[PDB]
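Structure file start.pdb with PDB, C-alpha atoms:
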```pdb
ATOM      1  CA  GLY Z   1     106.892 114.997 103.502  1.00  0.00           C
ATOM      2  CA  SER Z   2     106.991 111.436 104.806  1.00  0.00           C
ATOM      3  CA  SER Z   3     104.690 108.368 104.868  1.00  0.00           C
ATOM      4  CA  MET Z   4     101.080 109.653 104.870  1.00  0.00           C
ATOM      5  CA  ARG Z   5      99.997 107.057 107.444  1.00  0.00           C
ATOM      6  CA  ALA Z   6     102.925 108.049 109.610  1.00  0.00           C
ATOM      7  CA  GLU Z   7     102.098 111.728 109.279  1.00  0.00           C
ATOM      8  CA  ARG Z   8      98.432 111.204 110.138  1.00  0.00           C
ATOM      9  CA  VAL Z   9      98.860 108.760 113.049  1.00  0.00           C
ATOM     10  CA  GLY Z  10     101.992 110.519 114.105  1.00  0.00           C
ATOM     11  CA  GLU Z  11     100.637 113.979 114.249  1.00  0.00           C
ATOM     12  CA  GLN Z  12      97.500 112.838 115.890  1.00  0.00           C
ATOM     13  CA  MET Z  13      99.995 111.485 118.367  1.00  0.00           C
ATOM     14  CA  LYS Z  14     101.327 115.074 118.168  1.00  0.00           C
ATOM     15  CA  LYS Z  15      98.072 116.297 119.531  1.00  0.00           C
ATOM     16  CA  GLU Z  16      98.015 113.748 122.325  1.00  0.00           C
ATOM     17  CA  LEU Z  17     101.746 113.898 122.965  1.00  0.00           C
ATOM     18  CA  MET Z  18     101.618 117.716 122.916  1.00  0.00           C
ATOM     19  CA  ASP Z  19      99.049 117.732 125.560  1.00  0.00           C
ATOM     20  CA  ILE Z  20     100.720 114.954 127.490  1.00  0.00           C
ATOM     21  CA  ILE Z  21     104.091 116.633 127.702  1.00  0.00           C
ATOM     22  CA  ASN Z  22     103.174 120.299 128.134  1.00  0.00           C
ATOM     23  CA  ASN Z  23      99.811 119.929 129.880  1.00  0.00           C
ATOM     24  CA  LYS Z  24     100.491 116.825 131.987  1.00  0.00           C
ATOM     25  CA  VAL Z  25     104.183 116.916 132.803  1.00  0.00           C
ATOM     26  CA  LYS Z  26     106.104 119.673 134.596  1.00  0.00           C
ATOM     27  CA  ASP Z  27     107.851 122.540 132.775  1.00  0.00           C
ATOM     28  CA  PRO Z  28     108.135 125.272 135.498  1.00  0.00           C
ATOM     29  CA  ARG Z  29     111.770 126.223 134.975  1.00  0.00           C
ATOM     30  CA  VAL Z  30     112.124 125.861 131.227  1.00  0.00           C
ATOM     31  CA  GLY Z  31     110.627 127.719 128.262  1.00  0.00           C
ATOM     32  CA  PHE Z  32     107.589 126.650 126.303  1.00  0.00           C
ATOM     33  CA  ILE Z  33     107.633 123.192 124.765  1.00  0.00           C
ATOM     34  CA  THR Z  34     106.803 122.807 121.120  1.00  0.00           C
ATOM     35  CA  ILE Z  35     106.096 119.612 119.275  1.00  0.00           C
ATOM     36  CA  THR Z  36     107.623 120.172 115.914  1.00  0.00           C
ATOM     37  CA  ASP Z  37     107.201 116.825 114.364  1.00  0.00           C
ATOM     38  CA  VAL Z  38     106.009 113.697 115.756  1.00  0.00           C
ATOM     39  CA  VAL Z  39     106.262 111.223 113.019  1.00  0.00           C
ATOM     40  CA  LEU Z  40     105.780 107.588 112.817  1.00  0.00           C
ATOM     41  CA  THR Z  41     108.678 105.421 111.724  1.00  0.00           C
ATOM     42  CA  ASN Z  42     108.376 103.734 108.301  1.00  0.00           C
ATOM     43  CA  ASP Z  43     107.364 100.591 110.212  1.00  0.00           C
ATOM     44  CA  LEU Z  44     104.342 102.662 111.364  1.00  0.00           C
ATOM     45  CA  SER Z  45     104.882 101.577 114.933  1.00  0.00           C
ATOM     46  CA  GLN Z  46     106.799 104.462 116.430  1.00  0.00           C
ATOM     47  CA  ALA Z  47     105.815 108.069 117.131  1.00  0.00           C
ATOM     48  CA  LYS Z  48     108.887 110.172 117.122  1.00  0.00           C
ATOM     49  CA  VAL Z  49     108.238 113.149 119.157  1.00  0.00           C
ATOM     50  CA  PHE Z  50     110.502 115.830 117.895  1.00  0.00           C
ATOM     51  CA  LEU Z  51     110.442 118.659 120.462  1.00  0.00           C
ATOM     52  CA  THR Z  52     111.867 122.088 120.742  1.00  0.00           C
ATOM     53  CA  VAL Z  53     112.210 123.771 124.075  1.00  0.00           C
ATOM     54  CA  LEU Z  54     113.936 126.880 125.338  1.00  0.00           C
ATOM     55  CA  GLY Z  55     116.675 125.471 127.382  1.00  0.00           C
ATOM     56  CA  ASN Z  56     120.107 123.917 127.741  1.00  0.00           C
ATOM     57  CA  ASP Z  57     121.095 120.581 126.292  1.00  0.00           C
ATOM     58  CA  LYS Z  58     120.565 119.568 129.824  1.00  0.00           C
ATOM     59  CA  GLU Z  59     117.277 121.430 130.025  1.00  0.00           C
ATOM     60  CA  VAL Z  60     116.219 119.762 126.851  1.00  0.00           C
ATOM     61  CA  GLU Z  61     117.222 116.615 128.591  1.00  0.00           C
ATOM     62  CA  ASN Z  62     115.383 117.737 131.732  1.00  0.00           C
ATOM     63  CA  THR Z  63     112.195 117.828 129.690  1.00  0.00           C
ATOM     64  CA  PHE Z  64     113.109 114.413 128.333  1.00  0.00           C
ATOM     65  CA  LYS Z  65     113.906 113.283 131.878  1.00  0.00           C
ATOM     66  CA  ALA Z  66     110.549 114.543 132.966  1.00  0.00           C
ATOM     67  CA  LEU Z  67     109.266 112.306 130.174  1.00  0.00           C
ATOM     68  CA  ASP Z  68     111.426 109.279 131.140  1.00  0.00           C
ATOM     69  CA  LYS Z  69     110.539 110.184 134.763  1.00  0.00           C
ATOM     70  CA  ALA Z  70     106.771 110.034 134.300  1.00  0.00           C
ATOM     71  CA  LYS Z  71     107.050 107.776 131.290  1.00  0.00           C
ATOM     72  CA  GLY Z  72     104.160 105.480 132.142  1.00  0.00           C
ATOM     73  CA  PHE Z  73     102.019 108.452 133.055  1.00  0.00           C
ATOM     74  CA  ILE Z  74     103.003 109.831 129.664  1.00  0.00           C
ATOM     75  CA  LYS Z  75     102.162 106.355 128.337  1.00  0.00           C
ATOM     76  CA  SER Z  76      98.904 106.126 130.217  1.00  0.00           C
ATOM     77  CA  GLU Z  77      97.735 109.463 128.997  1.00  0.00           C
ATOM     78  CA  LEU Z  78      98.889 108.071 125.699  1.00  0.00           C
ATOM     79  CA  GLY Z  79      96.839 104.994 126.495  1.00  0.00           C
ATOM     80  CA  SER Z  80      93.888 107.256 127.344  1.00  0.00           C
ATOM     81  CA  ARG Z  81      93.769 108.750 123.832  1.00  0.00           C
ATOM     82  CA  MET Z  82      91.045 106.131 123.051  1.00  0.00           C
ATOM     83  CA  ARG Z  83      91.501 106.666 119.304  1.00  0.00           C
ATOM     84  CA  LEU Z  84      93.659 103.642 118.423  1.00  0.00           C
ATOM     85  CA  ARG Z  85      93.654  99.956 119.316  1.00  0.00           C
ATOM     86  CA  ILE Z  86      97.141  99.283 118.028  1.00  0.00           C
ATOM     87  CA  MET Z  87      99.834 100.877 120.143  1.00  0.00           C
ATOM     88  CA  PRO Z  88     102.546 102.853 118.305  1.00  0.00           C
ATOM     89  CA  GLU Z  89     105.459 103.397 120.627  1.00  0.00           C
ATOM     90  CA  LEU Z  90     106.713 106.869 121.412  1.00  0.00           C
ATOM     91  CA  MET Z  91     110.210 108.128 120.842  1.00  0.00           C
ATOM     92  CA  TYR Z  92     111.476 111.139 122.786  1.00  0.00           C
ATOM     93  CA  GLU Z  93     113.547 113.065 120.251  1.00  0.00           C
ATOM     94  CA  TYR Z  94     114.812 116.569 119.739  1.00  0.00           C
ATOM     95  CA  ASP Z  95     113.968 118.651 116.683  1.00  0.00           C
ATOM     96  CA  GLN Z  96     116.615 118.241 114.020  1.00  0.00           C
ATOM     97  CA  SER Z  97     114.775 120.496 111.606  1.00  0.00           C
ATOM     98  CA  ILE Z  98     115.235 123.980 113.007  1.00  0.00           C
ATOM     99  CA  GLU Z  99     117.071 123.295 116.255  1.00  0.00           C
ATOM    100  CA  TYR Z 100     120.596 121.940 116.593  1.00  0.00           C
ATOM    101  CA  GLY Z 101     121.023 118.230 116.103  1.00  0.00           C
ATOM    102  CA  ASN Z 102     121.978 116.714 119.465  1.00  0.00           C
ATOM    103  CA  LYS Z 103     120.888 113.048 119.331  1.00  0.00           C
ATOM    104  CA  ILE Z 104     123.776 111.749 121.513  1.00  0.00           C
ATOM    105  CA  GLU Z 105     121.687 109.358 123.645  1.00  0.00           C
ATOM    106  CA  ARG Z 106     118.071 108.420 124.313  1.00  0.00           C
ATOM    107  CA  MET Z 107     116.280 105.762 126.430  1.00  0.00           C
ATOM    108  CA  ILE Z 108     113.374 104.065 124.691  1.00  0.00           C
ATOM    109  CA  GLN Z 109     111.876 101.918 127.364  1.00  0.00           C
ATOM    110  CA  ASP Z 110     109.219 102.033 130.037  1.00  0.00           C
ATOM    111  CA  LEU Z 111     106.541 101.032 127.685  1.00  0.00           C
ATOM    112  CA  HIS Z 112     103.468 101.159 129.951  1.00  0.00           C
ATOM    113  CA  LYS Z 113     101.185  99.475 127.402  1.00  0.00           C
ATOM    114  CA  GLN Z 114     102.570  96.077 128.356  1.00  0.00           C
ATOM    115  CA  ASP Z 115     100.229  96.504 131.343  1.00  0.00           C
ATOM    116  CA  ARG Z 116      98.223  93.477 130.200  1.00  0.00           C
ATOM    117  CA  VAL Z 117      98.468  91.577 133.470  1.00  0.00           C
ATOM    118  CA  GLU Z 118      97.826  87.890 133.960  1.00  0.00           C
TER     119      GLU Z 118
END
```

Would you mind giving the structure from this file in structure tokens?
Amino acid sequence: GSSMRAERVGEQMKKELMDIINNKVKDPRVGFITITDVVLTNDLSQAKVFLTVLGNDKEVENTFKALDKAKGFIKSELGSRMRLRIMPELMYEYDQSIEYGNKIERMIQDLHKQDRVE
């Protein structure tokens, strides 16, 4: 129920980001991780990964930390998607749809797609 472009590119990012987080990054002490909505901002440049996970606010954070920990690996697997030239940036968010709404703080940084060396 948002911008069609954002839903398409976003949820394709859902596929990649799903796999990136739960198949690439560690989750051995927390419950299963579910991508609920990864939507692109109205600017169509940001993939907001809305996740739900069985864990504490801190465990939820731990999954996020695992993301901000291996961020460029997340980003490189993101970079490896091969189905987009333009790079929409990811946003590590928590589901506000069905889960509780704890958006207190989040670090959007570590963009590994600036890897265009000179």

Using all atoms listed in the file, which residues sit within 9 Å of residue 73 (chain Z) once same-chain residues fewer than 4 positions away are excluded, as an mmCIF file with C-alpha atoms, keeping the file's coordinate frame?
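Dumped to out.cif:
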```cif
data_model
loop_
_atom_site.group_PDB
_atom_site.id
_atom_site.type_symbol
_atom_site.label_atom_id
_atom_site.label_comp_id
_atom_site.auth_asym_id
_atom_site.auth_seq_id
_atom_site.Cartn_x
_atom_site.Cartn_y
_atom_site.Cartn_z
ATOM 1 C CA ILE Z 20 100.720 114.954 127.490
ATOM 2 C CA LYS Z 24 100.491 116.825 131.987
ATOM 3 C CA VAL Z 25 104.183 116.916 132.803
ATOM 4 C CA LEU Z 67 109.266 112.306 130.174
ATOM 5 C CA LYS Z 69 110.539 110.184 134.763
ATOM 6 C CA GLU Z 77 97.735 109.463 128.997
ATOM 7 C CA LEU Z 78 98.889 108.071 125.699
ATOM 8 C CA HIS Z 112 103.468 101.159 129.951
#
```

Taking into account only C-alpha atoms, which residue in the set Z:2, Z:23, Z:34, Z:45 is nearest to residue 86 (chain Z)?
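That would be Z:45, the residue with the smallest distance to residue 86 (chain Z).
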
Among listed residues Z:105, Z:115, Z:43, Z:19, nearest residue 57 (chain Z) (using all atoms listed in the file)
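Going through Z:105, Z:115, Z:43, Z:19 one by one, the smallest distance to residue 57 (chain Z) is for Z:105.
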
I need the output of the PyMOL selection byres ((chain Z and resi 42) around 12) for this file as a tab-separated table (two decimals) with C-alpha atoms, in the coordinates of the input; which residues are they?
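Result file follows (expr08.tsv):
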```tsv
chain	number	residue	atom	x	y	z
Z	2	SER	CA	106.99	111.44	104.81
Z	3	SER	CA	104.69	108.37	104.87
Z	4	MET	CA	101.08	109.65	104.87
Z	5	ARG	CA	100.00	107.06	107.44
Z	6	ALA	CA	102.92	108.05	109.61
Z	7	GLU	CA	102.10	111.73	109.28
Z	9	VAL	CA	98.86	108.76	113.05
Z	10	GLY	CA	101.99	110.52	114.10
Z	39	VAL	CA	106.26	111.22	113.02
Z	40	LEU	CA	105.78	107.59	112.82
Z	41	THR	CA	108.68	105.42	111.72
Z	43	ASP	CA	107.36	100.59	110.21
Z	44	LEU	CA	104.34	102.66	111.36
Z	45	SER	CA	104.88	101.58	114.93
Z	46	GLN	CA	106.80	104.46	116.43
Z	47	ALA	CA	105.82	108.07	117.13
Z	48	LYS	CA	108.89	110.17	117.12
Z	88	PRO	CA	102.55	102.85	118.30
```

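Atom pair CA of residue 1 (chain Z) / CA of residue 96 (chain Z): separated by 14.7 Å.
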
Residue members of the PyMOL selection byres ((chain Z and resi 113) around 8) in the file shown, as a list in words
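Given this file, the PyMOL selection byres ((chain Z and resi 113) around 8) evaluates to residues 75, 76, 79, 87, 111, 112, 114, 115 and 116 of chain Z.
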
In Å, how far is it from CA of residue 110 (chain Z) to CA of residue 68 (chain Z)?
7.7 Å

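Closest approach to residue 26 (chain Z) from the set Z:60, Z:50, Z:70, Z:38 is made by Z:70, with distances taken over all atoms listed in the file.
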
Give as a compact mmCIF listing (two decimals) with C-alpha atoms, in the coordinates of the input the residues that the PyMOL selection byres ((chain Z and resi 33) around 9) matches when applied to the coordinates above.
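As a result, out01.txt now contains:
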```txt
# COMPACT_ATOMS: atom_id res chain seq x y z
CA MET Z 18 101.62 117.72 122.92
CA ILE Z 21 104.09 116.63 127.70
CA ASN Z 22 103.17 120.30 128.13
CA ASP Z 27 107.85 122.54 132.78
CA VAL Z 30 112.12 125.86 131.23
CA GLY Z 31 110.63 127.72 128.26
CA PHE Z 32 107.59 126.65 126.30
CA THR Z 34 106.80 122.81 121.12
CA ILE Z 35 106.10 119.61 119.28
CA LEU Z 51 110.44 118.66 120.46
CA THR Z 52 111.87 122.09 120.74
CA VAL Z 53 112.21 123.77 124.08
CA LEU Z 54 113.94 126.88 125.34
CA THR Z 63 112.20 117.83 129.69
```

Rank Z:65, Z:58, Z:29, Z:81 by their smallest atom-to-atom distance to residue 12 (chain Z), using all atoms listed in the file, and report the top residue only.
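Under the stated criterion, the closest residue is Z:81.
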